[PDB]
Amino acid sequence: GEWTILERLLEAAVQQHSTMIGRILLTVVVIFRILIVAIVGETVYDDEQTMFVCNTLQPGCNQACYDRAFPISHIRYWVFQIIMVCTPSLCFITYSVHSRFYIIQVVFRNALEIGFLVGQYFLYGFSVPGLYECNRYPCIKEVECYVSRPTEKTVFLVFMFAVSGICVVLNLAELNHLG
Amino acid sequence: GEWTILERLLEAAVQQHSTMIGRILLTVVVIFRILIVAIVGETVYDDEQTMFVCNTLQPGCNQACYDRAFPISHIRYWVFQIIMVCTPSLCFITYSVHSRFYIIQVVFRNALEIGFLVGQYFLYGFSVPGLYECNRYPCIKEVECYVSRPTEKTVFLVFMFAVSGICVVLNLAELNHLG
Amino acid sequence: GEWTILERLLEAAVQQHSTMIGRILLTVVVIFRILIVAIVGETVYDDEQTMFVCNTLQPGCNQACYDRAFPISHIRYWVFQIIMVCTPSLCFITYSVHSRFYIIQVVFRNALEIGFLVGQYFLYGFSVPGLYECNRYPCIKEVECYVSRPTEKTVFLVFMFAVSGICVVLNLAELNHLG
Amino acid sequence: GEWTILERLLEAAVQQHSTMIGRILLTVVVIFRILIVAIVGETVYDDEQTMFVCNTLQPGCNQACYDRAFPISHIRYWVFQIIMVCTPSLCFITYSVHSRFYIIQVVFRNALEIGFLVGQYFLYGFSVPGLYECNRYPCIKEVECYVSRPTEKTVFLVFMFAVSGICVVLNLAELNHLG
Amino acid sequence: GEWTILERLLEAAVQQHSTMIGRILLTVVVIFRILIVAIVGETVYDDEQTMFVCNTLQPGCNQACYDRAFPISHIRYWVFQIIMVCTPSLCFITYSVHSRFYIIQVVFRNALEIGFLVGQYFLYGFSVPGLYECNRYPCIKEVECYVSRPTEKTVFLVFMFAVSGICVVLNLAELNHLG
Amino acid sequence: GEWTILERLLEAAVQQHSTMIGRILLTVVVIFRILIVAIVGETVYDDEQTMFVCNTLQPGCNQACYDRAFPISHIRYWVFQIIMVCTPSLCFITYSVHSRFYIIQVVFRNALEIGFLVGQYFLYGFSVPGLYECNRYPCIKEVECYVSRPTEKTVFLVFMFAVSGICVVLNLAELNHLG
Amino acid sequence: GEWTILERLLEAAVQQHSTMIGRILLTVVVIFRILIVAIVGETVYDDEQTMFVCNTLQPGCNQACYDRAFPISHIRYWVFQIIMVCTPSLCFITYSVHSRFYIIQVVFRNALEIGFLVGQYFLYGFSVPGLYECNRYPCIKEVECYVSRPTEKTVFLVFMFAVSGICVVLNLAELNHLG
Amino acid sequence: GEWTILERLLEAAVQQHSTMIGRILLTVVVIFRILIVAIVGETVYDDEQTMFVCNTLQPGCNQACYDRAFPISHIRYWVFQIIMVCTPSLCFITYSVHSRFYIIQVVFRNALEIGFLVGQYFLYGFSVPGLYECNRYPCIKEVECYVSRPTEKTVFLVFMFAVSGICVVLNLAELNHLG
Amino acid sequence: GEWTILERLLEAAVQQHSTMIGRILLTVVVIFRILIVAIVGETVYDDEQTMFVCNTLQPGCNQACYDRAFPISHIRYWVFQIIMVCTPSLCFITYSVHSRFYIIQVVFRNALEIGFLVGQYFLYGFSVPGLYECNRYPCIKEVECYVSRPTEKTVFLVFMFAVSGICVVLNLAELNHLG
Ligand SMILES: CC(C)CCC[C@@H](C)[C@H]1CC[C@H]2[C@@H]3CC=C4C[C@@H](OC(=O)CCC(=O)O)CC[C@]4(C)[C@H]3CC[C@]12C
Ligand SMILES: CC(C)CCC[C@@H](C)[C@H]1CC[C@H]2[C@@H]3CC=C4C[C@@H](OC(=O)CCC(=O)O)CC[C@]4(C)[C@H]3CC[C@]12C
Ligand SMILES: CC(C)CCC[C@@H](C)[C@H]1CC[C@H]2[C@@H]3CC=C4C[C@@H](OC(=O)CCC(=O)O)CC[C@]4(C)[C@H]3CC[C@]12C
Ligand SMILES: CC(C)CCC[C@@H](C)[C@H]1CC[C@H]2[C@@H]3CC=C4C[C@@H](OC(=O)CCC(=O)O)CC[C@]4(C)[C@H]3CC[C@]12C
Ligand SMILES: CC(C)CCC[C@@H](C)[C@H]1CC[C@H]2[C@@H]3CC=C4C[C@@H](OC(=O)CCC(=O)O)CC[C@]4(C)[C@H]3CC[C@]12C
Ligand SMILES: CC(C)CCC[C@@H](C)[C@H]1CC[C@H]2[C@@H]3CC=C4C[C@@H](OC(=O)CCC(=O)O)CC[C@]4(C)[C@H]3CC[C@]12C
Ligand SMILES: CC(C)CCC[C@@H](C)[C@H]1CC[C@H]2[C@@H]3CC=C4C[C@@H](OC(=O)CCC(=O)O)CC[C@]4(C)[C@H]3CC[C@]12C
Ligand SMILES: CC(C)CCC[C@@H](C)[C@H]1CC[C@H]2[C@@H]3CC=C4C[C@@H](OC(=O)CCC(=O)O)CC[C@]4(C)[C@H]3CC[C@]12C
Ligand SMILES: CC(C)CCC[C@@H](C)[C@H]1CC[C@H]2[C@@H]3CC=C4C[C@@H](OC(=O)CCC(=O)O)CC[C@]4(C)[C@H]3CC[C@]12C
């Protein structure tokens, strides 16, 4: 992934006036989200489908049950969330050199943070179990499948949920501050 | 992929005078297309032929049915589209330092955007199913094949179609603005 | 891993006034931790699950016993520790350009160093043996499993424990210096 | 490996006053060690365990005999040696901007060079044979194993020993020069 | 099978006085039962467990589901029935050379014929299907298994049931004849 | 197969008065049917299911398509026909020692010969092809299967049909002779 | 097995004077033991070691656990018992043509019948389970193994125990008769 | 094969008056044909299709090329020839107990011997080579196949041709003797 | 094995005058040797080389170590011994119909019995262990191999040694009787 283009864009997008809460929120976003996703998370989800196995002899059942158990990977959801959260801060380049803008940005950023947090709760939950039960064609009746590295993905889920809750609390604090 | 050469060329190609609609179009192109293709999309289509399987014993039938089901990969079509869309904006370097030019650029950019959107509709459609039916030599009669990660590629297709429709609407808005 | 973003952040975060002990601690952190993790350690833990084998015919027992023997990889724990240790020094950017701060930073850095050292002692220990005994479902009764590169991971464990003990001694020396 | 961080640190660490012998030693270190390890040596030791085979049917005997024959890889020992040798020259950044220092640096650098040369002689020797005899559990009695690319690793061993002997001779020449 | 010992015993056991119905019953028994079992039936049930397959990867599930689907083979039940039916006629050798005996023999032969016919109805039924559903340990949940030569074993079942019904009708005819 | 019991029964069953046509029919039956089935035919149909293959990866499709292509083996049909044809001649033992009988025997033997000849025509035909097309569950759509020793089974079919036609012509000749 | 030599020897050994109980015992021995072992039992124990499987990857563990679970096959024990029981009746040929002898024969036959019945109880028991637990070298710790055709061997065990108990009761009846 | 039925039939068929040449012909037939086919030849052609291999990956090509190279096995042709040659001598049982007959028998026996000798020359030839070239569907273009035990089948072919030529010479000698 | 030819020869060879000890010896030979070898022993040694395995990857090492561990099978040694022991009793047919002969026969029979008993002690011993150690070419150094059915072959060895010792004691008793 070409993270240096996003780095240079975020360097040119952090020149806008911000409050204390906004700078604490940017510090949490830079440290607890970007460096961890861009350094640690890529290799964890590397052998997700290679080391996914099911107890059957039916061709094509592994693909069906893997696609049914993990519709979207965690890492790609987090990368999309990171890109979308910083979008309101990237519209400053277009709107500047070319206080209502600040309020609109804050409102949109709060709505995005809450939407992504709720979507993360509904998509995944709080844990990744080590077994899965599958009843999708072409598999015959119900079969059982086994997952790769479930403990380290439960740890990743819990850590990301905690960081997103912190950023949501700071967003609501600043929203109350504006009034 | 060497995306930093395109970055430096687009940095030297965005010095041309543009309208408000043109800057909104460039912002949508930079955010919703380049960062997602250059960060997220490369790894999704990595095991497309390795995890493609068919129910047969005939040598060479997997290659024939994979080539018949996916004549061109989605990711390479999107990269070519990204390069071609920014071509009219890259001819400014040749035509400058060396308002009719602006109008010609707008006309060509609208024609390219509509051509690629229609070609994307005719090549792929709106969904990627999880099964395929193949009747190509050397396969005997019709055989059935199974696809890798179909839900996340339906999600990618829908997202790209929405972004291309937004950029087409802005292109027609600016075309009407010029008159 | 994108270590150059952390490099540029640590270049912009080392402009704070520091004592002699703090500069010796930063030199030990830069040399004995970052260059070794960022150059040497990545390739050692590359085939940890591919070259992990157990003596059984049960599908899914390799995944269960590998997840039970190594809940979190050493390399990811060390990367997270490196990021967290430098966090108090990365809050200077937010708190500066925007002596109590120095004392609070020292207290938090000492607490983090001791917490990570104790957690490393409780998670892993001092050696990595070459055999493992597993009694987790779906494995039948107890089975025996064999580990990849155990001597070079015992060497890595001992080296990291020695460096962390040195940095803890310097942190307590500076804490006594402040009084 | 992130060799550009070490490059930038060595660029900022070569601003210290040095003698003629010290500059010849730095030239030999830069050319005959860093460029060869950082360009040529990484790919040679890539399939060391994949292309290591033994004549047996016992599960887990390949891991035991590979770990017994190569406790530490040559390439990682050389990288650690390169980092440690340049450490005395990297303490100048801390000790400068913040002739006894020069003498202490020379003494420590000579001790490190001799220690690593003797350790390299005792760990490996002068050649890498193409056969190995193993009598480690779980292997039954003694078994025979075959090695990958032994001639090119004997060539690498001899070349590195010659370069280290040259740098040791220059270190003792400068030590005599100081008196 | 040593059928010639039974042949010589039945040659020495058919010297007893019998009625017309008893000789018709012996003719049906000799032709429609002994020659067909002793010539045709042995090879049909030769690959019953070798060509029995189930859709699973679990060791030991084939043995469990084959033992659950066919507790006793058809051919061995028929051989035991043939031996037991001729037992009352083989007690004449002991009771002769050494009309109440004739009546007791007829009563016992009728009871045996009806018992075996009812047991054959309850054990097997009228058809052998080509699929089986198994939920026995160590198989996980329910699995599906496929049978070898089901049409020719349905034909064998129907033929044997018809012959046994004919012999039962003749036994009841003679029982009524005695009064 | 225990053919010597049938031999001894046919030796004790050929003591009945017969015409010239009946003795020619018995000679054709003894030579062209019993010796060939009892010597030559057993080994030809030994590997019928072992050397039967289909082009698929579906478990259980070989059993389904083999059972659909050969509901009853040729050799077992011929053995049953041989036993049934000689049945009217085996009722002489019961009816003798214990000319209307001769006429009834001739009528029943002609009816059996014609019934078996017509059934052989409808079951099999005149040739055994080397390919088969199968569309039975669990096979997906239509698959193609290959047969073992088809030329030698076409030769066997033609030879048996010719011999049965000769015996039918002699049976009708004797039936006309009686009037 | 050459059962016709034993047949001819038992034909020449049954010319001795015997009582009513002795003839009933010989009838039970001839029918319920010899014909069933010589016709039915040989094929049941044909694939005992081929269809015996264990859940392991260790070479040589199948042989060790099969030899530990079935030290002597049931069928060979029954054949030896049949030969030994008829031995006292086969010494009449030597002692005749060449009432104390009759009494000695009865005493020895009763002792043999009781010894074999008790040995059968202690060797096997009353049932054959479908699972076995093995802890014999070279198997690692305890492993689990699966048995072939356990229900039909429990049926065989029960039938043989019932017949042996009947023959023991008749032997003790005749022993009391002699006084 | 049940050769004892043919033995007993040939014992009852050699009671006809014969000349010296006819008895020499019967001696050659009994010794050089029946004992060798009935003792030696059965096991040679046992693994003809199991040990027949071709250099391809196409399913079903082995069956096609084996059926094309050996339309009828040598051993079955020889058994049929043996049965047919003795047929004229087996019609004596029907024609006797029930010199023109002798002449008709001699004429038919000579015609059969010459027909079978010429058919053996045209079907097979004089040698069995060790390679075969096959261009039959489903094989792609021409493929090469390898034969099992070719030298011992060339020896068998030559021996049988010599014996058949001797019997043909004796048949023509006796035909000339009759005139 | 054609044991009925030996049966008929031993029936025609037991017409010679013999003493009481000679008839007891013939009874022990007929019962405890011929019926057990001809009924029980053939199937025990059926899978001796198929179920013999060694822990290696070297082609041809199984054949070498099996031939080194079992130079001659037990069953073939016992069959040869049975044939040779009865040879002196088979020379009576030649020497009769065509008391010094009796003495010479007794002397030769005693010498043969003692020679075979001593040879059996030196060839095999008293037990068959379950492991074997092999150091024969092409095996590399020493390897370990595992044996099939060792307990039932130790039982067979002990039983045969006991019977041979009984027959040797009776032979020496009769030798002393002659004087
Ligand atoms: C996360 C995905 C699924 C939807 C992403 C939608 C974005 C494309 C949204 C989120 C932030 C939104 C922007 C937030 C702020 C505004 C400012 C608004 O203009 C101003 O505040 C300045 C001019 C004025 O004062 O009216 C125009 C719309 C815009 C750009 C919004 C348009 C819709 C945006 C770009
Ligand atoms: C997407 C693929 C399949 C075709 C790509 C074709 C391009 C090579 C096209 C699209 C944009 C086009 C250019 C758009 C604008 C013009 C300007 C035109 O010149 C001017 O407007 C300036 C001089 C003048 O005023 O006449 C000369 C042709 C050119 C470069 C066009 C030539 C053909 C181009 C390069
Ligand atoms: C390692 C993981 C599991 C927890 C990481 C928690 C961090 C997010 C902690 C460790 C360092 C802490 C900071 C260390 C120093 C302080 C300074 C404190 O403010 C000051 O010293 C300046 C203003 C003043 O003088 O009060 C406010 C809290 C803060 C940022 C702390 C908040 C909590 C932080 C960021
Ligand atoms: C290779 C591994 C196994 C051990 C690496 C140990 C290093 C951490 C050693 C080697 C070089 C040593 C340094 C070489 C020079 C000196 C200078 C000495 O101070 C001075 O010369 C300046 C002040 C003065 O003049 O006293 C303080 C110790 C120090 C940093 C040494 C401390 C121990 C160091 C850092
Ligand atoms: C099929 C299996 C499960 C049970 C087999 C039981 C047999 C052992 C049965 C069936 C036939 C029975 C026999 C049928 C006839 C009689 C005759 C009866 O004696 C007489 O009729 C003659 C003396 C008299 O007139 O009393 C003594 C019992 C006996 C042998 C019966 C005893 C029990 C037998 C042998
Ligand atoms: C081939 C299969 C499917 C059916 C086999 C049916 C047989 C059991 C048939 C064919 C020959 C038939 C027999 C042919 C001749 C007669 C003679 C008939 O009696 C007599 O001719 C003698 C007494 C008299 O003169 O009436 C009684 C029926 C019976 C035995 C027939 C009964 C039915 C039989 C046995
Ligand atoms: C089942 C296995 C383990 C041991 C088999 C031992 C046999 C060899 C036993 C069982 C029956 C026994 C025989 C039973 C009867 C007698 C009769 C006895 O002589 C007589 O009764 C007749 C002369 C006399 O009246 O003394 C001599 C011993 C002998 C043959 C016994 C010797 C030992 C025998 C042969
Ligand atoms: C080898 C296969 C392909 C054909 C086998 C045909 C047989 C069935 C042939 C060969 C010998 C032939 C027989 C040879 C001798 C004669 C004698 C002939 O009658 C006599 O010689 C006696 C009465 C008389 O003198 O006319 C009637 C035909 C018959 C049986 C022939 C009929 C046709 C037979 C049986
Ligand atoms: C077991 C194998 C390895 C050697 C087998 C050798 C046999 C072929 C031996 C054992 C018994 C021997 C026979 C035992 C008895 C004698 C009798 C002897 O003649 C007589 O006693 C009758 C005439 C006379 O009184 O001299 C001639 C040799 C011969 C047949 C012996 C010749 C050698 C024989 C056949």
Side-chain angles (χ1 to χ4, degrees), chain A residues 57-64 137-138, chain B residues 45 47-74 76-77 119 122-125 127-150 153, chain F residues 51-62 64-66 68-69 129-148 150, chain H residues 53-69 132-145:
Chain A
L57 277 180
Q58 183 72 25
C61 181
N62 289 259
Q63 287 80 2
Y137 182 87
Chain B
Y45 300 87
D47 55 334
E48 46 182 348
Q49 194 176 7
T50 305
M51 289 290 182
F52 186 88
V53 72
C54 300
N55 193 332
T56 184
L57 277 180
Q58 183 72 25
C61 181
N62 289 259
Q63 287 80 2
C65 295
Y66 176 83
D67 188 64
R68 193 64 181 183
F70 306 103
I72 300 180
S73 183
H74 293 42
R76 281 175 273 276
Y77 182 83
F122 281 94
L123 275 178
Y124 308 115
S127 70
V128 182
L131 302 176
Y132 186 71
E133 308 287 339
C134 186
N135 52 14
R136 182 179 169 181
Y137 182 87
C139 319
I140 302 180
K141 269 108 62 163
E142 187 174 287
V143 302
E144 190 175 14
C145 302
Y146 314 92
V147 190
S148 174
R149 302 177 190 259
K153 299 177 180 177
Chain F
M51 289 290 182
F52 186 88
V53 72
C54 300
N55 193 332
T56 184
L57 277 180
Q58 183 72 25
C61 181
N62 289 259
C65 295
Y66 176 83
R68 193 64 180 183
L131 302 176
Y132 186 71
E133 308 287 339
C134 186
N135 52 14
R136 182 179 169 181
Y137 182 87
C139 319
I140 302 180
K141 269 108 61 163
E142 187 174 287
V143 301
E144 190 175 14
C145 302
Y146 314 92
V147 190
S148 174
Chain H
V53 72
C54 300
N55 193 332
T56 184
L57 277 180
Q58 183 72 25
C61 181
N62 289 259
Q63 287 80 2
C65 295
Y66 176 83
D67 188 64
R68 193 64 181 183
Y132 186 71
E133 308 287 339
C134 186
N135 52 14
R136 182 179 169 181
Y137 182 87
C139 319
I140 302 180
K141 269 108 62 163
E142 187 174 287
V143 302
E144 190 175 14
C145 302

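Side-chain atoms are counted along with the backbone in the values below, which use heavy atoms only and exclude waters and symmetry mates. Naming: A, B, ... by sequence-line order, numbering from 1 per chain.
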Query raised in the report: Considering residues, nucleotides and ligands other than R136(B), do more than 12 of their heavy atoms fall under 6.0 Å from its CZ?
Result: yes
Query raised in the report: To the nearest 0.5 Å, what is the distance between OG1 (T50(B)) and OH (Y66(B))?
Result: 9.0 Å
Query raised in the report: Should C54(F) and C134(F) count as side-chain neighbours, where that means a heavy-atom distance under 4.5 Å?
Result: no
Query - Separation of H74(B) NE2 from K153(B) NZ (nearest 0.5 Å) - result: 7.5 Å
**Report entry** Between CD on residue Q63(H) and CE on residue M51(F), distance to nearest 0.5 Å
**Finding:** 7.0 Å
Query - Minimum heavy-atom distance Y124(B)-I72(B), with the two atoms named - result: OH-O, 3.3 Å
**Report entry** Contact summary for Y77(B) and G119(B), nearest pair of heavy atoms
**Finding:** OH-C, 3.8 Å
Report task. Work out which heavy atom in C61(B) is nearest to a heavy atom in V143(B); give both atom names and the distance. Result -> SG-CG2, 4.1 Å
Report task. Write down the atom of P129(F), the atom of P150(F), and the distance for their closest heavy-atom approach. Result -> O-CB, 4.1 Å
Query raised in the report: Any side-chain heavy atom of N55(F) within less than 4.5 Å of one from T56(B)?
Result: yes
**Report entry** Smallest separation among heavy atoms of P138(B) and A64(B), with atom names
**Finding:** CD-CB, 4.2 Å
Query raised in the report: Sulfur to sulfur, is the gap between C139(H) and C65(H) shorter than 2.5 Å?
Result: no
Query raised in the report: Would you say the side chain of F70(B) lies within less than 4.5 Å of the side chain of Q49(B), judging by non-hydrogen atoms?
Result: no
Report summary line: Value for OH (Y146(F)) from OH (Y137(H)), rounded to nearest 0.5 Å, stands at 5.5 Å
Report task. Would you indicate whether the side-chain heavy atoms of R149(B) and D47(B) approach each other to under 4.5 Å? Result -> yes
Query raised in the report: Do the non-hydrogen side-chain atoms of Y45(B) and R76(B) ever get within less than 4.5 Å of each other?
Result: no
Requested in this report: Quick one: pull up CD1 in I140(H) and CG in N135(H) and give me the separation to the nearest 0.5 Å.
Outcome: 13.0 Å
Requested in this report: Answer yes or no: are there more than 12 heavy-atom neighbours, outside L131(B) itself, under 6.0 Å from its atom CG?
Outcome: yes
